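Step one of this worksheet: look at the structure below.
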Amino acid sequence: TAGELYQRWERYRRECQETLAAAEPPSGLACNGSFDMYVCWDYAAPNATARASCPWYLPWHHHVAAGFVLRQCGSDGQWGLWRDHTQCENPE
Amino acid sequence: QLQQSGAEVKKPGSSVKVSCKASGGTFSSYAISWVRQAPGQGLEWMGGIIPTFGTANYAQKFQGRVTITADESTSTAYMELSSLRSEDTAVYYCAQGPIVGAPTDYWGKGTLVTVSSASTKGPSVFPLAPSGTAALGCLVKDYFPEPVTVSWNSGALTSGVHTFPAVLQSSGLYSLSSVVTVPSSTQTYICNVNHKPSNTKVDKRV
Amino acid sequence: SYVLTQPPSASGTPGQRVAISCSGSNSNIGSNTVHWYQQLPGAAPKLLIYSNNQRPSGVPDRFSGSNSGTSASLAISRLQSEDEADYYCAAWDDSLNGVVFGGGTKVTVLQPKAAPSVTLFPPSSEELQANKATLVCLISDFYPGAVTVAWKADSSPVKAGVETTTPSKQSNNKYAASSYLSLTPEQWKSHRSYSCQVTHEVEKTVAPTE
């Protein structure tokens, strides 16, 4: 039921949060470790594609558990505009 | 970030289905929630659905009225409202989000649904200002539905143009008026009014 | 069907803290985290604070969320002009299904008080000719935006049959309202005069004739 899924989302962050709070920023320039509310992201290497685990709060998790959300990091080290959501979602 | 269907006018006891059209890709993954706002009032949650997963979610009190569904291909999620009401006159936004109960950072422009028994009708214009500056203008009377665009002199007259929002007097009919402010000074002034729904345009002098 | 935002409105002065409380029951705020949306005139709602005082991209630390134990609170700790808007708090509800909103709170910032300008027009000749008559009283540039309108048929008697709009904020930093009185060419031609009296914040009256 919706209530349960929602509570689970509420957990997936406040987890991403404390990791991010535990995590100390890289030496060189990198995209901020941050919570976009959908997936949780690592600090990203400069000018690289960041890989994220398929979120667990997401139903149909286990199908996609191994999968990744690919999101590119800027030249600057600014987080890019768009996300690549697949391996994390394919219920069919 | 989602383009909705566009305004709707419907009579009570009827049904309207408005569309929320998402990104060609990146669609099925997130929850789509519908919220409505009656003009001048606060938000009301209706329901939400993860487009490609399970069944839609709803709130109580819409019972057998709102149906939220989604389509695989067109990557659009529509929603339908039956047994329409005046209390249903509002604007309907579709906000994207991670899950159904969760908050939404991505909204749409919203689609306004007006509901009244009033028939489609064009206005009638009357010259104002029998007339220390000068104030003149045109009264646009008894039309429906909104809006009406009011211009001055085939355009190119604005400075001092105030158009007052329409009053709804309860015939079901809307009425407004526009005023140009000016120097008292021989130049002929004519207001060009337009109401598209009834396809009625008028030019009348002063 | 509403977690009550305590406030229909709340005031504030630039550079000071403004707090909007939102009360609830234990199936909603007690049992979950409260969100906060900012809607602007003519605009769609905008996510301000999600999940108990966390924030999304590009939202200054000015805004802050509160406990949720019984009622929550939003705190805008240094005010601005662009901060005047509707603010709707939100939470999921355990007892009865999905999310519920609050009544919202329009927040106010403080500018100079203006004096309403009313122009009053007689029915057009061309309209009278149509056997309809409308007196039209227009009101502009009055802050704050609350005005009341009293119509009078000839000398004193009051008038029931009118229709008045609401004080819309439009154009430049300010509000207007139009008011119509519908009469018949006889009721028109039958009175010594007519008065539109706009009372705001004091009294102004204007009087066409015939």
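Only the coordinates and a few stated rules stand behind these numbers; no lab work does. Note that we place each Cβ from the backbone using ideal geometry, even for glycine, and neighbour counts take in every protein chain shown.
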Given unit charges at Cβ for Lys, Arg (+) and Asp, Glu (-), the dipole magnitude of segment B:27-146 about its Cα centre in debye, nearest 20, is 280
Relative contact order for chain A using alpha-carbon pairs under 8 Å, separation at least 6, rounded to a whole percent?
24
I need to check one value: relative contact order of segment C:1-152, counting alpha carbon pairs closer than 8 Å and at least 6 residues apart, in percent.
26
To the nearest 500 deg cm²/dmol, what mean residue ellipticity at 222 nm is calculated for chain A from DSSP H runs of n ≥ 4 alone, each contributing -39,500 (n - 2.57), summed and divided by the residues?
-6000 deg cm²/dmol
Mind putting a number on the dipole of chain C about its Cα centre? Charges go on the C-beta only, +1 for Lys and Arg and -1 for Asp and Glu, and I need it in Debye to the nearest 20.
340
Share, in percent, of DSSP beta bridges within segment C:1-110 that are antiparallel, nearest 5
90
Taking chain B and a Cβ-Cβ threshold of 4.7 Å, the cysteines left without a partner are none
Taking the Cα centre of chain B as the origin and placing charges on Cβ (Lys, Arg +1; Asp, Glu -1), which of B:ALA38, B:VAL125, B:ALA56 is farthest toward the positive end of the dipole?
B:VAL125
Give, as a single signed number, the net charge of other residues whose beta carbon lies under 11 Å from the beta carbon of B:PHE53, with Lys and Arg counted +1 and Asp and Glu -1.
-2
Within 10 Å of each candidate Cβ there may be at most 16 other Cβ atoms; applying that plus a DSSP loop requirement, which GluC sites (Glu not before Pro) in segment B:1-91 survive?
B:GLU72
Expressed to two decimals, the protein assembly as shown has a Cα Rg over Rh, using the Kirkwood radius, of 1.05
With a cap of 16 neighbouring Cβ atoms within 10 Å, and only residues DSSP puts in a loop, list the trypsin sites (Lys or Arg not before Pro) found in segment A:1-38.
A:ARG14
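How large is the helix-only mean residue ellipticity at 222 nm for chain C, computed as the sum of -39500 (n - 2.57) over DSSP H runs with n ≥ 4, divided by its residue count, in deg cm²/dmol to the nearest 500?
The helix contribution divided over chain C gives -500 deg cm²/dmol.
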For segment C:157-174, 3J(HN,Hα) per residue [Karplus equation, 6.51 cos²θ - 1.76 cosθ + 1.60, θ = phi - 60°, Hz, x = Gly/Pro]:
x, 7, 9, 7, x, 8, 9, 10, 8, 10, x, 5, 7, 9, 6, 9, 6, 4
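Placing +1 at every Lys and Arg Cβ and -1 at every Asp and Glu Cβ, with all other atoms neutral, what dipole size does segment C:45-85 have around its Cα centre, in debye to the nearest 20?
Using only the charged Cβ atoms, the result is roughly 120 debye.
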Cβ-derived FRET efficiency at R0 60 Å, B:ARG205 paired with A:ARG14, nearest 0.05:
0.30
Loop sites in segment B:76-130: trypsin sites (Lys or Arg not before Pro), DSSP, at most 15 other Cβ within 10 Å
B:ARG85, B:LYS109
